[PDB]
Structure formats: C-alpha cells, structure tokens
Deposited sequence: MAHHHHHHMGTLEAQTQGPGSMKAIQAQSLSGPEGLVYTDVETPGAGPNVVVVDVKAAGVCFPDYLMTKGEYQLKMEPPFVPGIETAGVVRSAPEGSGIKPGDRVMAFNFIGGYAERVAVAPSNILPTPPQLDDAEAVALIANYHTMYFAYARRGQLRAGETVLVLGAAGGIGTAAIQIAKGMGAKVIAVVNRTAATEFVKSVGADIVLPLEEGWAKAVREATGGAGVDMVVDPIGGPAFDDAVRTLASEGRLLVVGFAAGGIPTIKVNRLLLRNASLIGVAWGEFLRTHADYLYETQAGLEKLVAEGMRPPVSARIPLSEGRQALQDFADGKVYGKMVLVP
C-alpha cells in the first residue's frame, strides 16, 4: 500500500471552517512526477477562494488546498535534471497543504540559494506574477513611477519589491492603515492611506504629472485611473470612463499566459534569481504549523496578513 501523511483537507465548501488536519494518501513516485518534501506551503488568495467554492476552478471536497510549495526533492524522473536532495519550488492546482506533494517536472523550479524555504515559496505565485506583469505586460522602465494599490497584501508586496528592484519609484496606497510601517519597510518611497482625496494626493506627490503605472490587485477603480499620467498604464492583476484619455488598461493573467508560453517561466525565474542576488528578500510575516492551517486561513481571510504567510509541516 501507498502509506499516509498529514495534510489540511477541505471537507466542505464552507471556507476555512471546513478545513481539517487529517491523514491522506502519500503521493508516490512515478515516471513523470517529482515528489517534494514540503518545508513551507504558501497561503494565497486562490487557496482561500477554493475553500469557499469561489475560485475560477471549482474543486469538490474532499481536497487538499495549496498551490505553492517549497522543500526538498524526494524523487524525480531520469533526465528531468532534478535530483533527490535538490531544494525546489513547486506549483500545482492542489495538494500544497501537506507533508509531501507530487507535481509535474515542468512545475519545479530551483530555489535561489540566498533564500530560506518560506522566502522561496513566497516567490512562487506572487513574484512570478509581478515579474511577468512588469517585464512582459506593462514594460516597466527604470525611473518610472508606480502606484501600488492593496500594497500590504501578497501581490502588493511583490509589486513593491520588484518595482524597486527594477529602478522604479513606488507610491503605495494602503487600505489597512496599520500596515503603513510594514509597507514603508518593504521599500515604498511614499505611503498614503486609502481615504477621501487619495487620488489627488497621489497626483500631488508626482508634482501633478501622475503616475506612469498603476498596479491594482483590489478592484477604488475610477479613482485609480485618475492618477495616471499621459500614456500611463493600469495593470489589473471594470467600468472604464472618458477619463481613460491616452491611458491603457493592461490585462494580466499569468496562469493563462503560462499555459501557452511555458518557456517564459525560465525568464521569470532568471529575473527573480537576479533580484534575489541583488538583495531582494520576500517578507514572510507568519509561519504557522500545518496542524493549525484552519486558523491560519481564517486569519488570512480576516485580513490580518501582511506580505506572505506560510504553513510549516
């Protein structure tokens, strides 16, 4: 028989309340799978949505949530170039909140040696998404100014550190004013609260010229457009007015892009490895035992997480 491992398993679509720490089948080696011993499992917004049956893909219980993992390879096929003992990052649609995960060889990336496993898992959804958003979709340039909305969340934090890494100036808006110092510490040049008149304050902070780019992981929207310079661009990571002027709304759908451009992943990993070499360290605000995954996910849903939270098996 296959043997069992601990995992958090959604046993209903009731959200975090339906999550149970329980025993499940241990994945098993196979000629086209890489099994990873999980040292850190990322908590992301899709995971949470999946627990409520509100994610674009509806998984039916029972299922182990978790898209993002980092740990140590246990097994891998010949010729994959992956070996037992390798420190790797992994992604899949499910299975992350577990002691081990089985994933396709194409879904494995080498962990940057400067990072621990929590910092490495933190790169997976949020940093690759934002590298892609900046490098491919929005064509960010050194010296431009970027407005980051929802700035203390997972995507926002990656959006700050990567923009700073690429030589941009960053204005961050926070809807949670208790995150102001956190956001400043991540490297935002100017932090502003999301209150009446914030769009006008963003403009004034740029000497009236507006920002070159807006990152919007929230959807507060027509106000965002108002902050844009001529030929500025807003990345949605929507009702559009006559205030669009010579601005662009830039759709960002990383998962979908990756489906048809799998080799771009080598470029996003290389870009991130360089940013990490140069000193970027993804902030990890909480590392919660896997056994306490229900409470971890509830805290995430209640809006308590700055940067990235991980579960530790």
property	result
Deposited sequence positions missing from the model - stretches, numbered from 1, in order	1 to 17, 237 to 238, 257 to 266
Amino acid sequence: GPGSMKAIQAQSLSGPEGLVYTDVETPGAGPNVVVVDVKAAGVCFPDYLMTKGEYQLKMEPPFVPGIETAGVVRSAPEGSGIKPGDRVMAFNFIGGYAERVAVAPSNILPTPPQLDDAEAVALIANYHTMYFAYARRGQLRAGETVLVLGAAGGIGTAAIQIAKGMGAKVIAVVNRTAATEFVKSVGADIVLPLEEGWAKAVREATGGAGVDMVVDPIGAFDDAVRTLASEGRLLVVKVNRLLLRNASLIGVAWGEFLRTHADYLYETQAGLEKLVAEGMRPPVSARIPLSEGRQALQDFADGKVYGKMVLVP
From here on, numbers count along this sequence of modelled residues.
{"query": "Mean C-alpha B-factor comparison - 105 to 113 and 184 to 192, higher one", "finding": "184 to 192"}
{"query": "170 to 178 set against 92 to 100, stretch whose average Cα temperature factor tops the other in the entry", "finding": "170 to 178"}
{"query": "Highest-ranked of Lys164, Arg74, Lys200, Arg136 once sorted by CA temperature factor in the record", "finding": "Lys200"}
{"query": "C-alpha B-factor winner, where the candidates are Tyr55, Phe45, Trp254, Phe63", "finding": "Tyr55"}
{"query": "Where the record places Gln269 (Cα B-factor, split into thirds across the chain)", "finding": "lowest"}
{"query": "Modelled-residue ranking by C-alpha temperature factor, third containing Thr227", "finding": "highest"}
{"query": "Third of chain Cα B-factors occupied by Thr145", "finding": "middle"}
{"query": "CA B-factor ranking of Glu204, expressed as a third of its chain", "finding": "highest"}
{"query": "Entry-reported Cα temperature factor of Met213, expressed as the chain third it lands in", "finding": "middle"}
